[PDB]
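Undergrad: No gaps in the numbering here: position 19 of the sequence shown is 19 in the authors' numbering, and each next residue is one more. Using N, Cα and C, we set each Cβ at its ideal position, and we do this for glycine too. Dumping the structure here so I can ask a few things about it.
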Amino acid sequence: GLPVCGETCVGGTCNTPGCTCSXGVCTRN
């Protein structure tokens with residue numbers, strides 16, 4: 001499937017498209 005982006009949401013925004021801020025961490029929606 002879609003793996004965990006594993007990015008931190010910087011300024012409310014994520015770096016990888018198709019990721020959502022869950023706890024400040026980018027995970028796939």
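Apart from the five residues on each side of it in sequence, which residues of its chain come closer than 8 Å, Cβ to Cβ, to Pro3?
TA: Contacts found: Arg28.
Undergrad: Let's see if you can read the secondary structure: which residues bound the beta strand (DSSP E) around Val10?
TA: Counting along the chain, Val10 falls outside any beta strand (DSSP E), and DSSP gives it neither H nor E.
Undergrad: What's the gap between the Cα of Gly6 and the Cα of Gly12?
TA: Cα to Cα, the separation comes out at about 15 Å.
Undergrad: Could you give the distance in angstroms between the alpha-carbon of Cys9 and the alpha-carbon of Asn15?
TA: Rounded to whole angstroms, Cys9 to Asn15 spans 7 Å at the Cα level.
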